[PDB]
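Participant:
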Amino acid sequence: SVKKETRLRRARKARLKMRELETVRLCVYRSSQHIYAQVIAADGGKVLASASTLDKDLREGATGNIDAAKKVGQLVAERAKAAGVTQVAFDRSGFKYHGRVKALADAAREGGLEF
Amino acid sequence: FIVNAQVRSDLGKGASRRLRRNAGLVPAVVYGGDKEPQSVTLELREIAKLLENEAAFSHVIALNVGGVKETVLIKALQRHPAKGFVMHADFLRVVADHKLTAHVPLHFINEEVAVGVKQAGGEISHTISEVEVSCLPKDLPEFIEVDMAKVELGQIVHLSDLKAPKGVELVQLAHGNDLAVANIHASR
Amino acid sequence: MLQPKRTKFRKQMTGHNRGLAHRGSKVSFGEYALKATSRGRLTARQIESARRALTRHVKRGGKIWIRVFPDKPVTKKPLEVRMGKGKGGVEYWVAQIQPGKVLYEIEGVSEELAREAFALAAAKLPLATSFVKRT
Amino acid sequence: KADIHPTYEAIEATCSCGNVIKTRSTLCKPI
Amino acid sequence: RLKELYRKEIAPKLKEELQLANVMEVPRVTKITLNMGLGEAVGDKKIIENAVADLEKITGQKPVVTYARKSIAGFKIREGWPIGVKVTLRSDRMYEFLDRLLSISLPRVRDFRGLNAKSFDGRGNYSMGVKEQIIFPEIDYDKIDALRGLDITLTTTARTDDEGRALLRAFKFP
Amino acid sequence: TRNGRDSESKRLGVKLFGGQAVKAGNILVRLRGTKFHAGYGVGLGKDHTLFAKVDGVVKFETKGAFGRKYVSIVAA
RNA sequence: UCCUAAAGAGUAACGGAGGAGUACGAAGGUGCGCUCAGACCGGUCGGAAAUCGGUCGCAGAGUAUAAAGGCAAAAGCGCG
RNA sequence: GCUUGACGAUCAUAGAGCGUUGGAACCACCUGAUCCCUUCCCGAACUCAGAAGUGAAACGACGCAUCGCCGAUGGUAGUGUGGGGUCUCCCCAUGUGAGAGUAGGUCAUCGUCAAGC
Ligand SMILES: [Mg+2]
Ligand SMILES: [Mg+2]
Ligand SMILES: [Mg+2]
Ligand SMILES: [Mg+2]
Ligand SMILES: [Mg+2]
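Protein chains in written order, with the working numbering: chain A, 1 to 115; chain B, 1001 to 1188; chain C, 2001 to 2135; chain D, 3001 to 3031; chain E, 4001 to 4174; chain F, 5001 to 5076.
The structure is reproduced here in structure tokens:
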């Protein structure tokens, strides 16, 4: 489109500097309906933990609010600590860290996971 | 149009120059559609008769490699620049059904009496020759006749003017160009 | 005479004159040509002595092409001058010929009017030039 | 922002507010 | 309110009219830019703050000033560096400013044709120049200066400019 | 008008070729503006000078888009 | 800085060509954003050219300062 | 393996152009801007609150070698060592062997999970 590749042009700076430092990356992906979150291992091609909204215990028609995204980042630290993962980075993927992005990344710090 | 060959199981630079002075031979290859490329020796005398012929370039020639026979069309002539004589030949097998581009001479058959010549200032300048072809080998265009007996002064001739008879296309019309062919202009 | 309009530099090395001529040895425009069989270099006044010889043995028509163009400037020091005070000035211009290169082309004439016309232009050039036909 | 200034007392008034100030409120075209 | 005139009359009409298959292929107006050219009196340093205050009232919105990008010595120097004053109008001030045109910005021109129907770009955009700042409500005649060269440039979601014509003939004044 | 005046030839080039063994802070390439890019474990100093940070064997591999030249050192 | 200089470094001539004897308290740091030149069509006093809108672009622009080697995590441009 | 998303692997035989085609899951446009927040002016972009509509545009797949891009074999140029000649240039023995062009290729190939079969 036009919007899609411009935020890909914004994302490749911090995503490429987290590659050189070899840090366990926490990615994110916002849509106009609902919000994803993944933890990708230190090779760019291996996913360890991944919590979403489209799972079969959370879809309720209310995804797309800031209150919906608080539970997404809440239920992802419980799968990374079950995978034994700390010392992570936070690629915001070209999204301005203000709204539903920032509220998800505060639920990660509460749930025992630390940056 | 017939020529007979041999096998040439000796490659390189040193073995390929001793052919030309000791035995008077010329190297060649035969590469085609469904088989492997096969190198070949020919004589400088026997290619000299074919290269002296007029329409031998746009024509099928049979080849006797050993007792092996093959209908062969020629598309290359590497040639010695300084003295002027033939170097290796690089011709082609002919499949009974394949598209087969090649090159065809022209003639400009009727230009003794032209409108631009007898009435106005008489000059006819042939720009192009050796116009290509793209045709099945069942019908060989040996040549194409172009007539400039009626074209007046100040007019030029494109590729769309002359025609390609009986299932012959032109690659230059398959691109977005139409090259000029012949002019009629005034002498100085 | 024939020389560039403007040049990115002013003076040039000497170099060498090696090899044969693989591109330049094929007749393209005319149907008769005078190709050169010995290496040398032509000094851009010989070209006008050879052009004005072909363009008066015809006098009727035809068309002339000049395939070669001098672009290499050469120097010459003045007299009673010792060596080593810089580099001399450009006096003339030179094209470099190597065996096989086609010099002149003609078309629209007879096969033997032209043959005795390149005899006039060959007696002004310092090279051994032959006669060739279009194939 | 807040740097801009409306005149919505007449902008959001009637387009056919007489032909005494607008000078033409029964027709717009003079042609 | 021409928007309420648009969705109710114009918007259902054109889908059958220009053989449009669905809803989302219909033309509509994207933005309006003005670009009052103060390229005259380059080294004036007095007319720009006047020209901002001119366009300040007839739009109800603050302008921006436009600088240069070269020193074209045949025209003028780069010393009088601001040259332009531009205003982009999005959808809320679009259909309200568009009503001043073709209703009350017709009679005070003293013209023959309100707009020619021959000047288009290839994509479907229309441009127009207005000579005076007199064609404006809520403006002075005595305190205004009659040096105001103003333009109107339209942008449409049209593929080619015949679709601009069927849109422009609805709210028309040619 | 007169023209001598050359300079003194800064000794550039590429050291430590394709199969060496390196120490912590050796100099790999004395660049003049990135003929070779910073690969896996190398440094890229002030005037674009590649230097090592860890130990191993130099690679000189061509990677990715733009076809750029990446000097990585491999713990092998 | 380039060429002579022979595909590692180095390498002469009263051999061919050019520059320096400085600027900058932001022209430095950082975070956040954003793309060039040119062509072309339309548009009021400008017109081959000023500002505006549009498509085509695919770095042919730019780099405080010579030329060479570079630049999309732009080493180019704006803001706190 | 097929469906859509995310992150990679490899950087054109993976590109461009033309044609064709997809929904109600996904995605995209969309509707509003009161409430976060934003624009050297502008809800365009950025952001938030959502599910009236649409698959148009965009985006994927599916076809076409028309442009592009890869590219043989043979010959040829040049060149290391040893000798030659008419010696500002070439030749012989021997090792090495392009570039350009030709026959033709190409509408990519994989990996990790999450929702579908
Ligand atoms: Mg060197
Ligand atoms: Mg050397
Ligand atoms: Mg800078
Ligand atoms: Mg950046
Ligand atoms: Mg090759």
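Virtual Cβ for every residue (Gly too), placed ideally from N, Cα, C.
(1) Does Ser-4103 of chain E have its Cβ less than 8 Å from a Cβ in chain D?
(2) Could you list the residues in the stretch 4031 to 4050 of chain E with a C-beta less than 7 Å from some C-beta on chain D, going in chain order?
(3) In chain order, what residues of the stretch 4137 to 4157 of chain E put their CB closer than 7 Å to some CB of chain D?
(4) Tell me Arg-2041 of chain C's beta-bridge partners as DSSP assigns them.
(5) Can you check whether the CB of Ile-35 of chain A is closer than 8 Å to the CB of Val-72 of chain A?
(6) Of the choices B:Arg-1021, B:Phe-1108, B:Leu-1179 and B:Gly-1066, whose alpha-carbon is the least far from that of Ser-1160 of chain B?
(7) With respect to 7 Å, is the separation between the Cβ of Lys-2085 of chain C and the closest non-hydrogen atom of ligand 4 below this value?
(8) Consider the Cβ of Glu-1123 of chain B: report whether some Cβ of chain C lies at a distance smaller than 8 Å.
(9) Mark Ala-5052 of chain F as exposed unless 16 or more other C-beta atoms lie within 10 angstroms of its C-beta, in which case mark it buried.
(10) Going by DSSP, what residue range makes up the beta strand (DSSP E) through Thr-4033 of chain E?
(11) What does the alpha-carbon distance come out to for the pair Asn-4035 of chain E and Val-3020 of chain D?
(12) Going by DSSP, what residue range makes up the alpha helix (DSSP H) through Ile-4048 of chain E?
(13) For ligand 4, is there any heavy atom lying closer than 7 Å to the beta carbon of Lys-13 of chain A?
(14) Between which two residues does the beta strand (DSSP E) carrying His-1185 of chain B extend?
(15) Taking 8 Å as the threshold (C-beta atoms), are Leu-1162 of chain B and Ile-1184 of chain B in contact?
(16) Rounded to whole angstroms, what's the CA-CA distance from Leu-4014 of chain E to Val-4026 of chain E? Just pull it up for me.
(17) Check whether the Cβ atoms of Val-47 of chain A and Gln-33 of chain A sit closer than 8 Å, and answer yes or no.
(18) How would you call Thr-2129 of chain C, buried or exposed, if buried means at least 16 neighbouring beta carbons within 10 angstroms?
(19) Given a threshold of 16 other Cβ atoms within 10 Å of its Cβ, counted over all protein chains shown, does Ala-1015 of chain B qualify as buried or as exposed?
(20) For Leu-4020 of chain E, which three-state DSSP category applies?
(21) Under 8 Å between the Cβ atoms of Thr-1041 of chain B and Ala-1062 of chain B?
(22) Name the one or two DSSP bridge partners that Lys-2063 of chain C has.
(23) If you run the structure through DSSP and keep just helix, strand and coil, what is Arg-2082 of chain C?
(24) Whose CA, out of A:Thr-86, A:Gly-99, A:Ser-50 and A:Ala-49, lies closest to the CA of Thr-23 of chain A?
(25) The alpha helix (DSSP H) spanning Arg-12 of chain A covers which residue range?
(26) Can you give me, in chain order, the residues of the stretch 1032 to 1064 of chain B that have a beta carbon less than 7 Å from any beta carbon in chain C?
(27) Could you check which residue in F:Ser-5007, F:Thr-5034 and F:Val-5057 has the C-alpha nearest to that of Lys-5069 of chain F?
(28) For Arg-2115 of chain C and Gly-2062 of chain C, what's the separation of their Cα atoms in angstroms?
(29) Around the Cβ of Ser-5009 of chain F, are there at least 16 other Cβ atoms within 10 angstroms (buried) or fewer (exposed)?
(30) Taking just the CA atoms, how far does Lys-4046 of chain E sit from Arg-3024 of chain D?
(31) Would you say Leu-1077 of chain B and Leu-1092 of chain B are within 8 Å of each other, going by their C-beta atoms?
Facilitator: If we stick to the structure as given:
(1) So yes, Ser-4103 of chain E belongs to the interface.
(2) Cβ contacts with chain D come from no residue of the stretch 4031 to 4050 of chain E.
(3) Correct list: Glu-4138.
(4) For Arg-2041 of chain C, which the question treats as bridged, DSSP gives the partners C:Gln-2096.
(5) Taking 8 Å as the Cβ cut-off, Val-72 of chain A and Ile-35 of chain A qualify as a contacting pair.
(6) Closest in alpha carbon position to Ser-1160 of chain B, among B:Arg-1021, B:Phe-1108, B:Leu-1179 and B:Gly-1066, is B:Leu-1179.
(7) For ligand 4, not one heavy atom lies less than 7 Å from the Cβ of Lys-2085 of chain C.
(8) For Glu-1123 of chain B, at least one C-beta of chain C is nearer than 8 Å to its own C-beta.
(9) When all chains shown are included, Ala-5052 of chain F counts as buried.
(10) Here the beta strand (DSSP E) through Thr-4033 of chain E covers 4029 to 4033.
(11) Distance from the CA atom of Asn-4035 of chain E to the CA atom of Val-3020 of chain D, rounded to whole angstroms, is 32 Å.
(12) 4048 to 4059 is the span of the alpha helix (DSSP H), which, as asked, contains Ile-4048 of chain E.
(13) Yes, the Cβ of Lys-13 of chain A comes within 7 Å of a heavy atom of ligand 4.
(14) Looking at the DSSP string, the run of the beta strand (DSSP E) that includes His-1185 of chain B is 1182 to 1185.
(15) At a Cβ-Cβ threshold of 8 Å, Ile-1184 of chain B and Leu-1162 of chain B do not count as neighbours.
(16) Taking the straight line from one Cα to the other gives about 7 Å.
(17) No, these two residues do not count as a Cβ contact at 8 Å.
(18) Here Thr-2129 of chain C is buried, its C-beta having at least 16 other C-beta atoms within 10 Å.
(19) Counting the other CB atoms within 10 Å of its CB gives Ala-1015 of chain B a total below 16, which places it among the exposed residues.
(20) Reduced to three states, the DSSP call for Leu-4020 of chain E is coil.
(21) Pairing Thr-1041 of chain B with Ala-1062 of chain B gives a Cβ-Cβ distance that is not under 8 Å.
(22) According to the DSSP secondary-structure assignment, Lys-2063 of chain C is paired through a beta bridge with C:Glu-2107.
(23) DSSP places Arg-2082 of chain C outside both helix and strand once states are collapsed to three, so it counts as coil.
(24) Nearest option by C-alpha distance: A:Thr-86.
(25) Unbroken alpha helix (DSSP H) run through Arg-12 of chain A: 3 to 21.
(26) Those residues of the stretch 1032 to 1064 of chain B that come within reach of chain C (Cβ to Cβ, closer than 7 Å) do not exist; the list is empty.
(27) Here the closest residue by C-alpha is F:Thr-5034.
(28) Near 14 Å, if we compare the C-alpha coordinates of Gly-2062 of chain C and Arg-2115 of chain C.
(29) If you draw a 10 Å sphere on the C-beta of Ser-5009 of chain F, you find fewer than 16 other C-beta atoms in it, and that means exposed.
(30) If you draw a straight line from the Cα of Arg-3024 of chain D to the Cα of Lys-4046 of chain E, it is about 36 Å long.
(31) Result no, Cβ atoms of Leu-1077 of chain B and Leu-1092 of chain B do not sit closer than 8 Å.
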